[PDB]
Amino acid sequence: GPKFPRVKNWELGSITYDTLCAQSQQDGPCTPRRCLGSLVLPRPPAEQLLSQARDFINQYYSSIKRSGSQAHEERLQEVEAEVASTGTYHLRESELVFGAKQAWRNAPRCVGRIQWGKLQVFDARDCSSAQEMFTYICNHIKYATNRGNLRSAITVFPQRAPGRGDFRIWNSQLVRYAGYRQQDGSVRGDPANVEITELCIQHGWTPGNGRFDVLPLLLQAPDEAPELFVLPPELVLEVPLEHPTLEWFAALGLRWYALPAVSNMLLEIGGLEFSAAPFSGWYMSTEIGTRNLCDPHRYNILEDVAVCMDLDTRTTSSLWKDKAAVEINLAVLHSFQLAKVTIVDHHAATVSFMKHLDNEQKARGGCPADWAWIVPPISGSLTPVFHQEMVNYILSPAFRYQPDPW
Amino acid sequence: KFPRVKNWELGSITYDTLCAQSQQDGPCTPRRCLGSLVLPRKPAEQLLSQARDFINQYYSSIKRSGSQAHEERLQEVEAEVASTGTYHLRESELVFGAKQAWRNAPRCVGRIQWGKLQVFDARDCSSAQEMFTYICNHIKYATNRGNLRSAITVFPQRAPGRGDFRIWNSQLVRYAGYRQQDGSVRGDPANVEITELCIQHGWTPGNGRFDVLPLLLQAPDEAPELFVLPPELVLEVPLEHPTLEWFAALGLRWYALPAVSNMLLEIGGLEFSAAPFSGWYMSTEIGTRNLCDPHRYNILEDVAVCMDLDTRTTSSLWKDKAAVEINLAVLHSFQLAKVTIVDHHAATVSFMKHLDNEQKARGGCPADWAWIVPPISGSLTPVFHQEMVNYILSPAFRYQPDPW
Ligand code: HEM
Ligand code: HEM
Ligand SMILES: CNCc1cccc(OCc2ccc3ccc(N)nc3c2)c1
Ligand SMILES: CNCc1cccc(OCc2ccc3ccc(N)nc3c2)c1
Ligand SMILES: C[C@H](O)[C@H](O)[C@H]1CNc2nc(N)[nH]c(=O)c2N1
Ligand SMILES: C[C@H](O)[C@H](O)[C@H]1CNc2nc(N)[nH]c(=O)c2N1
Ligand SMILES: [Zn+2]
């Protein structure tokens with residue numbers, strides 16, 4: 001009936017319509033001729049800045065129920081004046097907080113959005129050096145880790161400025177394991193991290209040689225070479241992996257870090273671009289257990305675990321990969337619980353997401369979601385989100401990919 | 001322009017140029033992607049263009065493009081359409097058309113097999129009784145005592161101002177779903193509606209969990225007729241587990257032949273409303289979807305209790321552990337019964353080889369990532385890490401409304 005996408009849940013038979021998608025002011029990669037929804041990474045003039053700024057200020061005043069008021073029209077005139085004399089403008093602190101949270105809420109690929117209202121926003125817009133960035137980051141890590149009782153947080157560094165260089169954190173995460181290319185062609189540690197490891201070495205880092213060496217931070221303040229900073233070990237909480245019934249699993253010496261803190265994304269609010277704005281939550285167990293440890297192009301431990309479980313690895317039909325993978329995931333969950341470090345399994349996460357979808361249906365008339373990323377990498381059809389159709393679209397404020405600084 | 005397509009495990013890049021041959025719209029627009037939706041929301045010059053395109057594909061396929069036979073066949077089609085508003089395919093064109101529709105099916109992980117398809121021409125069918133004979137022969141051929149062979153039977157095309165030939169069942173073999181008035185369903189909940197239609201058309205119902213349904217067959221503008229399949233034609237595999245001796249005690253079983261019968265086959269603008277086709281099962285369809293889906297037989301909790309797993313909490317991954325044992329039971333049992341089946345690992349591996357064949361052959365291959373990636377162990381298969389482009393090519397299989 002209504003002129004909006006109809007959206008079905010096939011488990012429950014329930015129907016909704018997404019009206020929120022009509023607020024998208026930015027095109028995705030799909031056309032009526034072909035769907036490109038499965039691609040990971042598909043491919044200012046003051047007039048364009050102003051329309052984005054106005055849109056965000058409207059968003060802000062709506063959220064505090066003062067839409068159309070005197071303070072709304074004054075903030076609008078102030079932003080236009082600011083832009084008129086300087087080419088850019090600045091956010092009030094409470095505007096920054098609302099934007100950072102709206103950006104997380106708007107992120108289609110995040111299954112953890114039930115939590116979006118509980119985000120601690122650290123304003124670091126006064127930072128003027130790389131040393132100072134290191135201080136802010138350390139504080140963030142400390143606050144976010146909270147000795148294993150993890151708290152969502154984001155630290156926002158100064159925005160892109162006309163005729164000045166960007167604040168950048170070169171590492172893709174605040175905590176990452178080194179990946180050392182060996183003379184045979186293979187990689188010790190995390191192959192995902194080969195490039196960043198070699199950049200750290202060029203910049204003067206004395207390299208380790210373990211499978212789990214924590215990388216130093218490479219931090220770049222405006223118009224300056226990046227500087228190297230070693231994280232003090234006591235700040236970086238790690239969890240050794242053991243299995244509840246398989247006693248040998250502990251002998252593998254596997255481990256992972258507690259804090260998933262992404263640091264290379266661009267946070268865009270009202271046309272303003274924050275090139276350095278690391279944020280962190282807590283892991284879903286399949287991220288560590290299935291992706292980081294079992295991806296063929298990552299740690300690739302599946303065959304090793306399977307051999308220890310004495311499975312038949314000469315034939316697909318023994319389901320040795322599925323069997324090993326479940327035990328690895330169980331080890332991740334059990335170890336994190338034993339260490340009292342916050343973690344969530346893929347069943348509890350997806351159930352909480354279904355609740356999130358129901359909330360946003362009422363609050364906003366929809367919720368942008370990327371099915372391929374929301375559905376977990378193991379046990380897909382055993383979670384409720386698998387049977388839930390989703391509509392994917394770009395809303396702003398937004399977290400965005402950005403080119404590597406080198 | 002043309003999509004850049006990357007495999008994230010191997011770092012290799014292709015470009016899809018096949019998609020430029022798509023002439024029919026999908027559901028997506030640049031404002032929003034609707035790729036996860038299961039079903040679509042909803043003259044003579046048009047028929048002539050689709051007809052001309054298909055004939056061109058056919059003569060190109062046999063390397064005789066431009067031949068005298070080619071030019072004449074285009075005039076034949078043009079003469080039939082100008083005179084009658086429609087036209088008919090020759091058997092060879094139909095055989096080609098059916099294979100191309102399979103080859104073009106973006107949701108099918110089994111397309112490495114696309115050239116090996118037996119095509120039965122049932123276009124000289126005039127009654128429901130005749131459709132039944134054709135269907136029984138199809139099942140007999142396809143089943144082949146456990147050595148499954150892909151096949152399709154094609155019934156008369158749709159015609160203006162006449163009802164359609166239809167098989168009302170979604171698959172030729174399906175288990176009944178009886179709704180007990182205390183809410184629950186005995187049997188397959190996916191089939192409650194078809195089960196009820198059968199009963200009021202005069203079927204005496206059973207009361208088991210695996211009662212094979214009769215077929216409702218409809219000749220144009222006639223009420224459908226009921227036909228019970230000869231029990232010897234329906235091959236079933238009882239499920240047991242290689243190590244859990246209690247598993248056989250569950251009484252689980254499934255049929256060998258996945259034979260879809262409600263899709264529409266479109267070739268060169270002609271529409272075949274009844275064109276059932278079958279191949280063989282991939283184990284996850286039975287183990288994960290049919291037996292473990294919450295809105296199907298939903299046996300996860302039962303198997304979990306038998307394995308003495310901690311059902312109290314999600315963090316024990318009881319669901320994942322039971323699911324794996326069920327899929328293992330399916331593989332073991334089909335293999336023990338000498339019935340064709342492929343596991344999701346072998347299947348996705350063969351699909352990758354297919355993407356590669358098709359890249360060289362046609363410059364791309366339409367694929368629906370959400371459907372190609374198996375319902376358990378997604379990222380442990382190569383297809384997970386492969387980007388895919390989805391679009392509609394003709395000839396094609398399409399959904400069509402339920403005839404009731
Ligand atoms: C609090 C617990 C959280 C959980 C369990 C969670 C879970 C996830 C997961 C599993 C993914 C998929 C990423 C992958 O597979 O590599 C993801 C993506 C994402 N998350 Fe969340 N998240 C959480 C908190 C946050 C926070 C605090 C933010 C930002 C303020 C955030 C923003 C994002 C963004 C932008 C993506 C997409 C990244 C990309 O496109 O590459 N998440 N999240
Ligand atoms: C020979 C072995 C075959 C295998 C292993 C196979 C595998 C599969 C699987 C796993 C699906 C997903 C279906 C679901 O989840 O319900 C599928 C879908 C599909 N298959 Fe195949 N298939 C085979 C043969 C065939 C043949 C012979 C045809 C037609 C000539 C065909 C046409 C299709 C079509 C049109 C779909 C999409 C159905 C829909 O959208 O509902 N397949 N296939
Ligand atoms: C390989 N895909 C791109 C890529 C590269 C590096 C990290 C990353 O992770 C995304 C991401 C972002 C935020 C997250 C928040 C919480 C969490 N558990 N995982 C999260 C994962 C994604
Ligand atoms: C969109 N409705 C989903 C739906 C409803 C009814 C049957 C069905 O089966 C799809 C299907 C089609 C062809 C197949 C060929 C081989 C095979 N193993 N499974 C196959 C599965 C799928
Ligand atoms: C090709 C495909 O898009 C790619 O492998 C995606 C699929 N789904 C994903 N889902 C999550 N959560 N994270 C990922 O990196 C990916 N990768
Ligand atoms: C909502 C979602 O698109 C829907 O559940 C799809 C997902 N992928 C699937 N994949 C296959 N093979 N079969 C299916 O029925 C589905 N269902
Ligand atoms: Zn799309």
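Numbered from 1 within each chain, the chains take letters A, B, ... in sequence-line order. Note that these values count all heavy atoms, side chains included, but never hydrogens, waters or copies made by symmetry.
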Quiz item: Does a sphere of radius 6.0 Å around CZ in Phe132(B) hold more than 12 heavy atoms from other residues, nucleotides or ligands, not counting ones at 6.0 Å or beyond?
Solution: yes

Self-check item: Side-chain heavy-atom pair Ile55(B), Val77(B) within 4.5 angstrom cut-off
Solution: yes

Exercise. Using a 4.5 Å cut-off on heavy atoms from C-beta on, say whether the side chain of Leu319(A) contacts that of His345(B).
Key: yes

Quiz item: Looking only at heavy atoms, what is the nearest atom pair of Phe54(B) and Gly268(B), with distance?
Solution: CB-CA, 3.6 Å

Quiz item: Does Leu226(B) reach the side chain of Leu216(B), with side-chain heavy atoms less than 4.5 Å apart?
Solution: yes

Quiz item: How far apart are the C-alpha atoms of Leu331(B) and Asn327(B), what are their side-chain angles, what is the distance that settles it, and do they pass the side chain to side chain contact (heavy atoms under 4.5 Å, CB included) test?
Solution: CA-CA 6 Å; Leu331(B) 285 165; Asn327(B) 282 267; 5.5 Å; no

Self-check item: Nearest non-hydrogen partners of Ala256(B) and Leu148(B), listed with the distance
Solution: O-CD2, 3.5 Å

Quiz item: Does the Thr348(B) side chain pair with the main chain of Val383(B), one donor and one acceptor, at a distance under 3.5 Å?
Solution: no

Practice problem: Look up atom CG in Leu217(B) and atom CZ in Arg166(B), then write down how far apart they are to the nearest 0.5 Å. | Solution: 11.5 Å

Exercise. Please determine, by modelled atom types, if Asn104(B) and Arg362(B) share a side-chain donor-acceptor pair under 3.5 angstrom.
Key: yes

Practice problem: Apply the test side chain to side chain contact (heavy atoms under 4.5 Å, CB included) to residues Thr86(B) and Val81(B): give CA-CA distance (whole Å), side-chain angles for both, the deciding distance (0.1 Å), then the verdict. | Solution: CA-CA 4 Å; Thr86(B) 193; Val81(B) 170; 5.8 Å; no

Quiz item: So, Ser394(B) and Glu266(B): side-chain donor and acceptor under 3.5 Å apart, yes or no?
Solution: yes

Exercise. To the nearest 0.5 Å, tell me how far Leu172(B) CG sits from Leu213(B) CG.
Key: 12.0 Å

Exercise. Check for a donor-acceptor pair, side chain of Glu285(B) on one end and backbone N or O of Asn290(B) on the other, with a separation under 3.5 Å.
Key: no

Quiz item: Got more than 12 heavy atoms from elsewhere within 6.0 Å of CZ, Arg145(B)?
Solution: no

Self-check item: Qualifying side chain to side chain donor-acceptor pair (under 3.5 Å) pairs with a residue from residues 373-388 of chain B, counting only residues at least two apart or across chains
Solution: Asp322(A)-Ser377(B), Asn7(B)-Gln386(B), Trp8(B)-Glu387(B)

Self-check item: Heavy-atom check, side chain of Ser273(B) versus side chain of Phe155(B), under 4.5 Å
Solution: no

Quiz item: Under the 3.5 angstrom rule, does the side chain of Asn191(B) hit a backbone N or O of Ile194(B) as a donor-acceptor pair?
Solution: no

Quiz item: Do the side-chain N and O atoms of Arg174(B) and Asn169(B) include a donor-acceptor pair separated by under 3.5 angstrom?
Solution: no

Practice problem: May I ask you to test the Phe96(B)-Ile62(B) pair for a side-chain heavy-atom distance under 4.5 Å? | Solution: no

Practice problem: Quick one: closest heavy-atom pair of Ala275(B) and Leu265(B), and the distance? | Solution: CB-CB, 4.0 Å

Quiz item: What pairs meet the side chain to side chain donor-acceptor pair (under 3.5 Å) rule with one or both residues in residues 50-59 of chain B, with sequence neighbours excluded?
Solution: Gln46(B)-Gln50(B), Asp53(B)-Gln57(B), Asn56(B)-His70(B), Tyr58(B)-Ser92(B)

Quiz item: Do other residues, nucleotides or ligands put more than 12 heavy atoms under 6.0 Å from the CD atom of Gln23(B)?
Solution: no

Self-check item: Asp16(B) side-chain N/O to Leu18(B) backbone N/O, donor-acceptor pair under 3.5 Å
Solution: yes

Self-check item: Side-chain donor or acceptor of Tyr255(B) paired with backbone N/O of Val173(B) under 3.5 Å
Solution: yes

Self-check item: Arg162(B), CZ: over 12 other non-hydrogen atoms inside 6.0 angstrom
Solution: yes

Self-check item: Pairing of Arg123(B) and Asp121(B) as salt bridge, 4.0 angstrom limit
Solution: yes

Exercise. Go through the steps for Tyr391(B) and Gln21(B) under the test side chain to side chain contact (heavy atoms under 4.5 Å, CB included), then give the verdict.
Key: CA-CA 9 Å; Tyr391(B) 46 95; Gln21(B) 304 300 306; over 6 Å; no

Self-check item: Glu271(B) vs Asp164(B) side-chain heavy atoms within contact, under 4.5 Å
Solution: no

Quiz item: Can you name the side chain to side chain donor-acceptor pair (under 3.5 Å) partners of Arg109(A), sequence neighbours left out?
Solution: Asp370(A), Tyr401(A)

Self-check item: Distance in Å, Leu94(B) CG paired with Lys99(B) NZ, rounded so as to fall on 0.5 Å steps
Solution: 10.5 Å

Quiz item: side chain to side chain donor-acceptor pair (under 3.5 Å) with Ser278(B): which residues, sequence neighbours excluded?
Solution: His138(B)

Quiz item: Are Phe334(B) and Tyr281(B) near enough that their ring centres are under 6.0 Å apart?
Solution: no

Quiz item: What pairs with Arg64(B) under side chain to side chain donor-acceptor pair (under 3.5 Å), at least two apart in sequence or on another chain?
Solution: none

Quiz prompt | Approximate separation, where rounding is to 0.5 Å, of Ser170(B) OG and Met263(B) CE | solution = 11.5 Å

Quiz item: Which heavy-atom pair separates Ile392(B) from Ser22(B) by the least distance, and what is that distance?
Solution: O-OG, 2.8 Å

Quiz item: Closest approach of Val109(B) and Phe351(B), non-hydrogen atoms and distance?
Solution: O-CD1, 3.6 Å

Quiz prompt | Carboxylate-amine/guanidinium contact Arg73(B) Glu93(B), below 4.0 Å | solution = yes

Quiz item: Taking all atoms of both residues into account, what is the closest heavy-atom pair of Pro29(A) and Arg34(A), and its distance?
Solution: O-NH1, 2.9 Å

Exercise. Decide, yes or no, whether a salt bridge links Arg33(A) with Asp25(B) under the criterion of side-chain N to carboxylate O below 4.0 Å.
Key: yes

Self-check item: 4.5 Å side-chain heavy-atom contact, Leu47(B) and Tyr87(B)
Solution: yes

Self-check item: For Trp168(B), side chain to side chain donor-acceptor pair (under 3.5 Å) partners two or more places apart
Solution: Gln218(B)

Exercise. Test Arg111(B) against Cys365(B) for side chain to side chain contact (heavy atoms under 4.5 Å, CB included), laying out the working first.
Key: CA-CA 10 Å; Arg111(B) 294 176 274 164; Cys365(B) 161; 3.5 Å; yes

Quiz item: Do other residues, nucleotides or ligands put more than 12 heavy atoms under 6.0 Å from the CD atom of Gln68(B)?
Solution: no

Exercise. Could you tell me the separation between the CH2 atom of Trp373(A) and the CG atom of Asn392(A), rounded to the nearest 0.5 Å?
Key: 11.5 Å

Practice problem: Can you measure from CD1 (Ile341(B)) to CH2 (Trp254(B)) and round to the nearest 0.5 angstrom? | Solution: 12.0 Å

Exercise. Please confirm whether the backbone N or O of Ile15(A) pairs with a side-chain atom of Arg6(A), one donor and one acceptor, at under 3.5 Å?
Key: no

Quiz item: Just wondering, do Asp188(B) and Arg296(B) contact through their side chains at under 4.5 Å, heavy atoms?
Solution: yes

Quiz item: Should we say atom OH of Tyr17(A) is surrounded by more than 12 heavy atoms from elsewhere, each under 6.0 Å from it?
Solution: yes

